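Enquirer: Have a look at the structure that comes next, please.
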Amino acid sequence: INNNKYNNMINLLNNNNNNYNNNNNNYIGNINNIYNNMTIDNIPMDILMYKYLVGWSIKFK
Amino acid sequence: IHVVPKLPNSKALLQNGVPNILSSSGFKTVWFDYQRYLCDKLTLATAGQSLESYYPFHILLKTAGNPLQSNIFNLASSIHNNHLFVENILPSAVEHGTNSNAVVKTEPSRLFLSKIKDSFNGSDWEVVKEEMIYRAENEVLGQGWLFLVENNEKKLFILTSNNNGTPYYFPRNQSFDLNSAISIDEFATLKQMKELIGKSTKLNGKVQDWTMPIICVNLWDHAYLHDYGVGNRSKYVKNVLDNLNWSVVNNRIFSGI
Amino acid sequence: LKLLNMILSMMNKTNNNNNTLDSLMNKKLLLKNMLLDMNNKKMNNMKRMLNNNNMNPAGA
Amino acid sequence: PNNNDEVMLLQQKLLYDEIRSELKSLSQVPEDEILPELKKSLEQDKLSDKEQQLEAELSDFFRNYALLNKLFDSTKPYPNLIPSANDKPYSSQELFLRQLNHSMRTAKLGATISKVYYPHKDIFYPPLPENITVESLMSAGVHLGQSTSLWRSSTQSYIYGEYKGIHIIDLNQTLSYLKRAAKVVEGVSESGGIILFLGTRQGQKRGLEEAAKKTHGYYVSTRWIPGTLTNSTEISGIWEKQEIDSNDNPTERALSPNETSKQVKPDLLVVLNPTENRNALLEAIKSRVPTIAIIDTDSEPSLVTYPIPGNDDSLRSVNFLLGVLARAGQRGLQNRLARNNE
Amino acid sequence: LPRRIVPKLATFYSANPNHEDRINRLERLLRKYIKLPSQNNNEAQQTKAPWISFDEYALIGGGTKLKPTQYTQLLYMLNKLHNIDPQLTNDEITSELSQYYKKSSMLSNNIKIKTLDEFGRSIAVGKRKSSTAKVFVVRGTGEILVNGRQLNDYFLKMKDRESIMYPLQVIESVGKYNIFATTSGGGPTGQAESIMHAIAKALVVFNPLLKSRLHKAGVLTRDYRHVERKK
Amino acid sequence: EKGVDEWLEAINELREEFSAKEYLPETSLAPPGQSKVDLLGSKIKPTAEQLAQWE
Amino acid sequence: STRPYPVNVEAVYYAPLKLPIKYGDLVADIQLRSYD
Ligand SMILES: [Mg+2]
């Protein structure tokens, strides 16, 4: 996921999406291109933590 | 065992010798007999020792600095030098035995004639040949070798050796005959060479020399007597330098491609 | 004419050391050098723009 | 003749260095010195029809190859040599290349060398099993067994005699055993089996790697992990397998996880030093893997399927026997690849 | 036509098949180019060796099986190939070595050259214990002001005054600069040494060649000792 | 105006050379007789007075 | 034509916009407190 967004921006920059303004602003371009192929159907469920029980200890006393 | 290398077009060499330089009998003495004589002696001197697995050129470099191995050095130097002489005077290095080629017109290359002018103050190749013939007659009283050598500074110069003197390693060039008298200038050259050999830190007392031969002429009696006779060695050197195989001599000059 | 008068000045400074390849050979050699200095500027700007966004959306 | 061509480039190269050097000189000068004077000149100048040509030709030439361009995209020998000037002496790199030229042509003039042993040729030019003689085996030292004090009497039938406090192995038997062992390697190679070469004594790696390469086999030179064959799933399951055709070319088919966990057992194990590889020999027995090994006078013959009586301590003897077996495998491999073509 | 499954690597049965295969590939290059001379600037200790970390090599060199000595062996061969003379190197060597070069190019540094301000003043901050000091160093004649007060007024202890002067004494520039030091927090010792630390950091802008002498004197190091709650 | 003539001849020859192949900064702008431009300084040079003090 | 993402949706993915202060008349102070 981290390498999919960097590639999206690198391409959106190499394609050029005021030279003076090209030294101050950091707006890379359209939101769609920056987040291409990053949707709710593939990103959310893959990053969720604490999703699998891997250990359990039960004590009595 | 060191064996005599096979030469291209050997059947022609054993029948008509080397045209314009040596006859059939003259070439049998210089190569087929002398080279056998040297290789056999080298095998007897080096058999059973580590030197047996090394080519003659490597042997001379390994033994150049060892005083008591001079006998091995002399044999190795003579063998290497003799095949350097027999190689550039040979009609054709390629084996046109089945191609029956009789048209080998080899001429000095442009790189060779450019380095001659640069190193000899604009002198032409013909003039340099005259200097080579003169140097051989006045500097080599007896046996020896005539070389046109190139040094690390891209300069071609003329070196003469007495008996079996290697061109590669200046401490063993044997260019000064100390049996006769020497001038103060020659003694200075010898004294300077001794100082250079003493600056080396190696336990073998060896120095770095990058000189390489370009043309080799055998000045031994085994090469000219039978065909030219005592006193006619300058007519022999003239013929050799006029009938050199320049496909070999040109290839000995580093181009850098 | 800065676009052209700065490049003429550059050759004037080189003319000092010069004290006609300079008509077409040097003139071309200069334009190309400027193109390589204007492309490095654009490369540096891209790094700034990429370092000011969230290159690492999910973890880092 | 064509040197001028190179001279034309060098001229440009020198000019480029001059342009760059004085570009950096103007990078130090304060703008207050140049800018206001430069602008004032333009305020005192009037553009001409020609001047305007470059006013827009350079704007586009700089708006096409500097701003609206893609900053990135989605003589063969010794090509980095910097030749020295024709007047300057040779550089260190050029002297090395000048010596290499001499080494190819002149350095070998004067004599040829015959009947001299070169250690490397044992690995790269092994003889065929049919051309091996007792002299050749003896030349490699294969007959030199262990001290008579270390004798394992189970090898009695392989001994030719004792000499200088050591047992002499009978090379007549070694040759017959070597030929038999070689035929087995050739058979397995021609059948497509996995041949593993095991030797863990110092210096054996070079021979082991070349033997595997020319038989399309495998080798282990460092350490035999105890359990490699009997406990293969806990040791070798993680490593990658591949599918190959009859020409030994990767098919490229992705392998199911079921196929990538299955034990891959060698079809033949060759052991250079069996006395130090008891573990491997016992695993091969347990795994029903036929094995070949060099059996010295102190080594147990019955632990291997096809013993080769011979000195296992000398690298020459070992590399001589390994080379023969490796070439036998190579011939089997070549005969299998040949029958596929025709 | 018939297909079979075989181990991918010739070193499959070894302890670390992945590491052994990579070493073999590098060893072949070192054998094929044994003659090529090495750099004589290696005596000059060329500062180029960005090799991947042991952990990064464990991704490709067997993971847990990878041993430190195996990683050391990879570096001895990567460096030997890398140290071949640049003019006489070839593509094969560079291609094989490329996969082992660390990559940190996508990100850049966060340090901008320090320069004097519009009035020729070098401003640095220093801290000692709970004290902080912000000094303004300009070229002058040795005039010092601490919080608008004379040095002898603000600092009564001569040892505190000597500490402030020490950085200027190291570069032998005690009479070449005017210092306007402002300090707050802690006590006299913390403030005097916080000013000392800040003057040393501000003097590097005037001559960056003297940083090594300032570091060697110990005035560019921030003292970390502070009051520790007893545990 | 030879100045504008030779400048306009140099700008159009460059256009053709860059047009011949895809324009990439590293390659198209390679130094004279060079493969490309590896895109790999602020190392200010000490002044004569700065260097004298250090000496 | 791809799906248009209007400015209101795009704003959500960037830092909140702030309006310039014209006069400087402070009208309210909102202090927020939390244990995290
Ligand atoms: Mg033994």
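Simple scheme: letters A, B, ... for chains in structure tokens order, numbers from 1 for residues in each chain, numbers from 1 for ligands in the order shown.
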Chain F near chain E within 8 Å: what's each residue's closest atom pair and its distance in Å to one decimal, counting only C-alpha atoms, ordered by chain then ascending residue number, as CSV?

Expert:
residue,atom,partner,partner_atom,distance
F:46,CA,E:209,CA,7.8
F:50,CA,E:207,CA,5.9
F:51,CA,E:209,CA,7.6
F:54,CA,E:209,CA,6.4

Enquirer: Please identify every residue of chain C that has at least one atom no more than 6 Å from any atom of chain D, counting only C-alpha atoms, and report them as a PyMOL selection string.

Expert: chain C and resi 35+38-39

Enquirer: Hey, list the chain A side of the contact with chain G: 12 Å cut-off, only C-alpha atoms, answer as a list in words.

Expert: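 Close enough to count are residues 26, 27, 28, 29, 30, 31, 32, 33, 34, 35 and 36 of chain A.
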
Enquirer: Write the residues you've just listed into a file as a tab-separated table (two decimals), in the first residue's frame, and include C-alpha atoms for each of them.

Expert:
chain	number	residue	atom	x	y	z
A	26	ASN	CA	3.09	21.10	-2.58
A	27	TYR	CA	-0.30	20.27	-4.17
A	28	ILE	CA	0.46	17.20	-6.28
A	29	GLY	CA	-2.84	16.96	-8.16
A	30	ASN	CA	-6.24	15.32	-8.38
A	31	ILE	CA	-7.27	13.27	-5.36
A	32	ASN	CA	-8.32	10.37	-7.60
A	33	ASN	CA	-4.85	9.89	-9.10
A	34	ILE	CA	-3.04	10.15	-5.76
A	35	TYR	CA	-5.32	7.46	-4.29
A	36	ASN	CA	-5.75	5.34	-7.43

Enquirer: Write down, as a ChimeraX atom specification, each residue of chain F that has any atom within 8 Å of an atom of chain C, counting only C-alpha atoms.

Expert: /F:3,6-7,9-11,14,25,29,39

Enquirer: Pick out the chain D residues within 10 Å of chain E. Count only C-alpha atoms. Give them as an NGL selection string.

Expert: :D and (76-83 or 92-94 or 96-97 or 100 or 192-194 or 196-198 or 209 or 212-213 or 216-225 or 228-229 or 232 or 235-236 or 238-251 or 255 or 259-260 or 262 or 264-266 or 340)

Enquirer: Identify, counting only C-alpha atoms and all ligand atoms, the protein, DNA and RNA residues located within 6 Å of ligand 1, and give them as a compact mmCIF listing (two decimals) with N, CA, C and O atoms, in the first residue's frame.

Expert:
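Once written, selection_10.txt looks like this:
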# COMPACT_ATOMS: atom_id res chain seq x y z
N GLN D 146 46.59 -45.30 4.54
CA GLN D 146 46.90 -44.81 5.87
C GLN D 146 48.07 -45.57 6.48
O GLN D 146 48.55 -46.57 5.95
N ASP D 296 39.29 -45.38 2.08
CA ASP D 296 40.70 -45.51 2.43
C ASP D 296 40.89 -46.74 3.32
O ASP D 296 39.94 -47.39 3.75
N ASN D 311 43.17 -43.20 -1.82
CA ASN D 311 43.55 -42.16 -0.87
C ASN D 311 42.50 -41.05 -0.84
O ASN D 311 42.18 -40.47 -1.88
N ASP D 312 41.98 -40.77 0.35
CA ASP D 312 41.00 -39.70 0.53
C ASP D 312 41.59 -38.45 1.18
O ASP D 312 40.86 -37.49 1.41
N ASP D 313 42.89 -38.44 1.47
CA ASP D 313 43.52 -37.32 2.16
C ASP D 313 44.15 -36.30 1.22
O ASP D 313 44.26 -35.13 1.59

Enquirer: At a cut-off of 12 Å, using only C-alpha atoms, what residues contact residue 125 in chain D? Leave out same-chain residues fewer than 4 positions from it and give the result as a list in words.

Expert: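 Once the adjacent positions are removed, what remains is residues 117, 118, 119, 120, 121, 207, 210, 211, 214, 319, 320, 322, 323, 324, 326 and 327 of chain D.
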
Enquirer: When DSSP is applied to the backbone of this structure, which of range 40-224 of chain B are assigned strand (DSSP E)? Write them out as a PyMOL selection string.

Expert: chain B and resi 144-150+156-162+212-218

Enquirer: When you look at residue 54 in chain C with a cut-off of 10 Å (counting only C-alpha atoms), what residues show up, excluding the ones that are within fewer than 3 positions of it in the same chain? I need them as a list in words.

Expert: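 The residues satisfying every condition are residues 2, 5 and 6 of chain A; 50, 51, 57, 58 and 60 of chain C.
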
Enquirer: How close does each residue of chain B get to chain D, giving the shortest atom pair and distance in Å to one decimal for every residue with an atom at most 8 Å away, counting only C-alpha atoms, sorted by chain and residue number, as CSV?

Expert:
residue,atom,partner,partner_atom,distance
B:1,CA,D:114,CA,5.3
B:2,CA,D:113,CA,4.9
B:3,CA,D:112,CA,5.1
B:4,CA,D:111,CA,5.2
B:5,CA,D:111,CA,5.4
B:39,CA,D:111,CA,7.0
B:52,CA,D:116,CA,7.6
B:53,CA,D:116,CA,6.4
B:54,CA,D:113,CA,8.0
B:55,CA,D:108,CA,6.2
B:56,CA,D:110,CA,6.4
B:57,CA,D:107,CA,5.8
B:58,CA,D:107,CA,7.5
B:79,CA,D:110,CA,4.9
B:80,CA,D:110,CA,4.4
B:81,CA,D:110,CA,7.4
B:82,CA,D:110,CA,7.0
B:83,CA,D:110,CA,5.0
B:84,CA,D:109,CA,7.0
B:152,CA,D:90,CA,6.0
B:153,CA,D:89,CA,4.1
B:154,CA,D:89,CA,6.1
B:210,CA,D:95,CA,7.9
B:252,CA,D:102,CA,7.2
B:254,CA,D:98,CA,5.7
B:256,CA,D:94,CA,7.5
B:257,CA,D:75,CA,6.1

Enquirer: Write the residues you've just listed into a file as an mmCIF file, in the first residue's frame, and include N, CA, C and O atoms for each of them.

Expert:
data_model
loop_
_atom_site.group_PDB
_atom_site.id
_atom_site.type_symbol
_atom_site.label_atom_id
_atom_site.label_comp_id
_atom_site.auth_asym_id
_atom_site.auth_seq_id
_atom_site.Cartn_x
_atom_site.Cartn_y
_atom_site.Cartn_z
ATOM 1 N N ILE B 1 58.743 -30.617 -19.812
ATOM 2 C CA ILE B 1 59.679 -30.566 -20.968
ATOM 3 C C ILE B 1 59.330 -29.392 -21.869
ATOM 4 O O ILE B 1 58.175 -29.210 -22.252
ATOM 5 N N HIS B 2 60.340 -28.594 -22.201
ATOM 6 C CA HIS B 2 60.183 -27.482 -23.128
ATOM 7 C C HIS B 2 60.448 -27.980 -24.542
ATOM 8 O O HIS B 2 61.533 -28.499 -24.831
ATOM 9 N N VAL B 3 59.462 -27.825 -25.419
ATOM 10 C CA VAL B 3 59.538 -28.326 -26.783
ATOM 11 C C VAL B 3 59.592 -27.143 -27.741
ATOM 12 O O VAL B 3 59.124 -26.040 -27.443
ATOM 13 N N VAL B 4 60.172 -27.384 -28.907
ATOM 14 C CA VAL B 4 60.332 -26.331 -29.911
ATOM 15 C C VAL B 4 58.970 -26.044 -30.539
ATOM 16 O O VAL B 4 58.325 -26.974 -31.048
ATOM 17 N N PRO B 5 58.495 -24.797 -30.527
ATOM 18 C CA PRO B 5 57.175 -24.517 -31.101
ATOM 19 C C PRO B 5 57.136 -24.824 -32.588
ATOM 20 O O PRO B 5 58.124 -24.665 -33.307
ATOM 21 N N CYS B 39 66.180 -25.503 -26.132
ATOM 22 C CA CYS B 39 65.078 -26.090 -25.377
ATOM 23 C C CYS B 39 65.526 -27.329 -24.615
ATOM 24 O O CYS B 39 65.126 -27.537 -23.464
ATOM 25 N N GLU B 52 59.950 -25.689 -14.360
ATOM 26 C CA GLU B 52 59.588 -26.493 -15.524
ATOM 27 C C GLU B 52 58.191 -26.166 -16.029
ATOM 28 O O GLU B 52 57.903 -26.361 -17.216
ATOM 29 N N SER B 53 57.313 -25.681 -15.158
ATOM 30 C CA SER B 53 55.928 -25.410 -15.513
ATOM 31 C C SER B 53 55.707 -23.989 -16.017
ATOM 32 O O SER B 53 54.558 -23.606 -16.261
ATOM 33 N N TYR B 54 56.766 -23.204 -16.183
ATOM 34 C CA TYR B 54 56.665 -21.817 -16.611
ATOM 35 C C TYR B 54 57.216 -21.649 -18.019
ATOM 36 O O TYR B 54 58.186 -22.309 -18.401
ATOM 37 N N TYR B 55 56.580 -20.772 -18.790
ATOM 38 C CA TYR B 55 57.060 -20.458 -20.123
ATOM 39 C C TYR B 55 58.380 -19.691 -20.049
ATOM 40 O O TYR B 55 58.664 -19.023 -19.051
ATOM 41 N N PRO B 56 59.206 -19.765 -21.098
ATOM 42 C CA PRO B 56 60.537 -19.139 -21.022
ATOM 43 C C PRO B 56 60.514 -17.669 -20.643
ATOM 44 O O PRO B 56 61.381 -17.219 -19.885
ATOM 45 N N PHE B 57 59.544 -16.904 -21.144
ATOM 46 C CA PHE B 57 59.473 -15.493 -20.786
ATOM 47 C C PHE B 57 59.268 -15.311 -19.290
ATOM 48 O O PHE B 57 59.877 -14.430 -18.674
ATOM 49 N N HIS B 58 58.396 -16.118 -18.690
ATOM 50 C CA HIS B 58 58.187 -16.020 -17.251
ATOM 51 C C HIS B 58 59.420 -16.479 -16.480
ATOM 52 O O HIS B 58 59.737 -15.922 -15.424
ATOM 53 N N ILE B 79 65.923 -18.374 -25.801
ATOM 54 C CA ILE B 79 64.787 -19.053 -26.415
ATOM 55 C C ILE B 79 63.687 -18.053 -26.747
ATOM 56 O O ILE B 79 63.126 -18.066 -27.848
ATOM 57 N N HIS B 80 63.362 -17.173 -25.802
ATOM 58 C CA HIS B 80 62.331 -16.173 -26.051
ATOM 59 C C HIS B 80 62.758 -15.214 -27.154
ATOM 60 O O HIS B 80 61.970 -14.889 -28.049
ATOM 61 N N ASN B 81 64.006 -14.745 -27.102
ATOM 62 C CA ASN B 81 64.489 -13.810 -28.112
ATOM 63 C C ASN B 81 64.511 -14.447 -29.493
ATOM 64 O O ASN B 81 64.158 -13.802 -30.487
ATOM 65 N N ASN B 82 64.922 -15.712 -29.581
ATOM 66 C CA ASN B 82 65.032 -16.360 -30.884
ATOM 67 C C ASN B 82 63.672 -16.481 -31.558
ATOM 68 O O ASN B 82 63.560 -16.292 -32.774
ATOM 69 N N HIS B 83 62.625 -16.791 -30.792
ATOM 70 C CA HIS B 83 61.293 -16.876 -31.371
ATOM 71 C C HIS B 83 60.690 -15.502 -31.621
ATOM 72 O O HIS B 83 59.758 -15.386 -32.424
ATOM 73 N N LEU B 84 61.195 -14.461 -30.958
ATOM 74 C CA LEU B 84 60.803 -13.107 -31.320
ATOM 75 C C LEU B 84 61.435 -12.688 -32.637
ATOM 76 O O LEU B 84 60.795 -11.998 -33.437
ATOM 77 N N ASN B 152 57.681 2.915 -21.150
ATOM 78 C CA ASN B 152 56.435 3.361 -20.536
ATOM 79 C C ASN B 152 56.014 4.748 -20.997
ATOM 80 O O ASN B 152 54.856 5.127 -20.794
ATOM 81 N N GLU B 153 56.914 5.511 -21.613
ATOM 82 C CA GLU B 153 56.627 6.872 -22.041
ATOM 83 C C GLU B 153 56.256 6.954 -23.516
ATOM 84 O O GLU B 153 56.285 8.046 -24.090
ATOM 85 N N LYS B 154 55.919 5.826 -24.141
ATOM 86 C CA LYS B 154 55.460 5.769 -25.525
ATOM 87 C C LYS B 154 56.556 6.103 -26.525
ATOM 88 O O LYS B 154 56.264 6.382 -27.692
ATOM 89 N N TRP B 210 58.849 -1.721 -17.668
ATOM 90 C CA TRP B 210 57.746 -2.000 -18.579
ATOM 91 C C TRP B 210 58.154 -1.898 -20.046
ATOM 92 O O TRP B 210 57.286 -1.789 -20.917
ATOM 93 N N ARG B 252 52.529 -5.721 -32.131
ATOM 94 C CA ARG B 252 53.260 -5.579 -30.881
ATOM 95 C C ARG B 252 53.145 -4.183 -30.287
ATOM 96 O O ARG B 252 53.480 -3.999 -29.113
ATOM 97 N N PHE B 254 50.992 -1.334 -28.731
ATOM 98 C CA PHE B 254 49.699 -1.219 -28.071
ATOM 99 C C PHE B 254 48.908 -0.054 -28.652
ATOM 100 O O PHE B 254 49.401 1.077 -28.720
ATOM 101 N N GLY B 256 45.115 0.299 -27.915
ATOM 102 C CA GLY B 256 44.171 0.711 -26.896
ATOM 103 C C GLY B 256 42.738 0.754 -27.381
ATOM 104 O O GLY B 256 42.054 1.771 -27.236
ATOM 105 N N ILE B 257 42.273 -0.353 -27.953
ATOM 106 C CA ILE B 257 40.894 -0.463 -28.411
ATOM 107 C C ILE B 257 40.282 -1.725 -27.817
ATOM 108 O O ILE B 257 40.448 -2.819 -28.358
#

Enquirer: Suppose you want the space between CA of residue 175 in chain B and CA of residue 161 in chain B; what is it in Å?

Expert: 4.7 Å

Enquirer: Could you check how far CA of residue 47 in chain B sits from CA of residue 144 in chain D, in Å to one decimal?

Expert: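 These atoms are spaced 24.6 Å apart.
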